[PDB]
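Colleague: Quick one, fold the following:
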Amino acid sequence: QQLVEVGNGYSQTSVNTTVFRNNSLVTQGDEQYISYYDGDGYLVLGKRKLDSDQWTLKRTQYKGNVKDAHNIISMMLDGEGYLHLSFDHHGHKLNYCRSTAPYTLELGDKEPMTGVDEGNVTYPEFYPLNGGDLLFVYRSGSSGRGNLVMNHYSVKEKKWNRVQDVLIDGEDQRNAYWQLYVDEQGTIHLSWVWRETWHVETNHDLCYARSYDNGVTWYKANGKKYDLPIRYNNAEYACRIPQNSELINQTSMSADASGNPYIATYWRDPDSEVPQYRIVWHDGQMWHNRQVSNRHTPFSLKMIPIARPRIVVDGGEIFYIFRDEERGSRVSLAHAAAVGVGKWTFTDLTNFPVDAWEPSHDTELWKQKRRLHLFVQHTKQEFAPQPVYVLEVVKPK
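Modeller: Numbering: from 1, shown residues only. For reference, the structure is listed below:
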């Protein structure tokens, strides 16, 4: 299970290696693209042909505040091959750049998307849409509460338009933390936890919504159309998980070829001190939740000794990527041949620790080729810059 070295990246924080890099790594056609901060804080872009181990790197004109692990880089390609980059935010004015040509590691100047409510950004994320268009999501904090703002890029028009200004509504009462995925049909999947207070221990529940029409109209998994915006009272609950359950925020989710959502997270049971990894999914008929791990070591959120997970699905076959102090903080794989039967195997994918690392993966490679590639780097949360690798993952023997 092979480990392709890219270049040295910043390792003194987990900025290159958070679960919410959407994306760190992206394939189009026969090429794969990557982004990270180098040891000196510069935004580096890379590309390769997928059949090669040789990366072409470009140190761009931009830097980021690498001492803050929130200040991540997200990238994506549109249907014409232009790279879109957004980076370096913890409640700051939008940093957004496009490549100057398709398939080329040359960034233009920073530019607005719509110019509206772009003053206080955190957590930029890109998703591909049908027709080569893009979705952008970010957390806007300008109101005093983190609000989900969603834009659509038309690749033909070379233009961004707002889609949703108020999709999840905390009613000046509660907070919300979300993750998304665009499936192989072009449907946007959305899931989130609520948080009653400002403190992480009041994280509760997993809610869900989807949109088939690029974010305009929204549906529940049970088929009912949403009245917007989505509040505590009308949200579809994928799973109930109470406050003070060590429920974590900002994880990941995926979907299978049938458009069914799967959500990967962790929390602990009422009668346990031990948080466990979970999978929450809708099979076209109903919601399910299951425990993936069999941990025995407590921790509390009130660095975290386990990583927030990533998942990919192939017709009920599940690859569930994690990192855990119980397994020496290696890159680890929890694999299920069939999600519905719940027989999991556990396999370490690295023989060395990656400490603060959380997984991000090449979402488009998995969709287009059913190959699972991870962004892998040893980070901490003074440590010399460590190699960034791409690791291909296959089912275990």
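
Colleague: Spatially, what comes nearest to residue 109 if we skip its sequence neighbours?
Modeller: residue 97 (7.1 Å; CB to CB, 6 or more residues apart in numbering). C-beta coordinates here come from the backbone N, C-alpha and C atoms, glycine included.

Colleague: what about that neighbour, is that helix, strand or coil?
Modeller: Judged by DSSP: H, G, I helix; E, B strand; the rest coil, the three-state class of residue 97 is strand.

Colleague: from what I can see it touches residue 73, true?
Modeller: No - the criterion here is CB atoms under 8 Å, and residue 97 misses it with residue 73 at 10.5 Å.

Colleague: what about the spatially closest residue to residue 227 that is not a sequence neighbour, neighbour count?
Modeller: In this structure, residue 227 finds its nearest non-sequential neighbour in residue 234, 6.4 Å apart by CB to CB, 6+ apart. Neighbourhood size, residue 234 [other CB atoms under 10 Å]: 14.

Colleague: Quick check: the gap between the residue nearest to residue 109 and residue 127.
Modeller: For residue 97, the distance to residue 127 (CB to CB, to the nearest Å) stands at 18 Å.

Colleague: again with residue 44
Modeller: As judged by CB to CB, residue 44 and residue 127 stand 23 Å apart.

Colleague: Please, which helix or strand holds residue 15?
Modeller: Counting by DSSP states H and E, no helix or strand carries residue 15.

Colleague: all strands for the stretch 101-250 of the chain, in order.
Modeller: Using DSSP state E, counting those that start in this stretch, the strands of the stretch 101-250 of the chain run over residues 121-128, 134-140, 147-154, 159-164, 175-182, 188-195, 203-211, 236-239.

Colleague: Would you mind saying which of the ones you listed lies nearest residue 382?
Modeller: Residue 382 lies closest to strand 121-128 among these, at 26.5 Å (CB to CB).

Colleague: With mean neighbour count and distance to residue 322 added, can I get the strands of the stretch 101-250 of the chain in TSV?
Modeller: Listed next are the strands of the stretch 101-250 of the chain as TSV, based on neighbours: other CB atoms under 10 Å; distance: least, CB to CB, whole Å:
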stretch	mean neighbour count	distance to residue 322
strand 121-128	22	21
strand 134-140	23	24
strand 147-154	21	26
strand 159-164	16	31
strand 175-182	22	16
strand 188-195	24	18
strand 203-211	23	18
strand 236-239	19	19
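
Colleague: In CSV, list the ones you listed along with distance to residue 13.
Modeller: Listed next are the strands of the stretch 101-250 of the chain as CSV, based on distance: least, CB to CB, whole Å:
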stretch, distance to residue 13
strand 121-128, 16
strand 134-140, 19
strand 147-154, 25
strand 159-164, 30
strand 175-182, 20
strand 188-195, 23
strand 203-211, 23
strand 236-239, 31
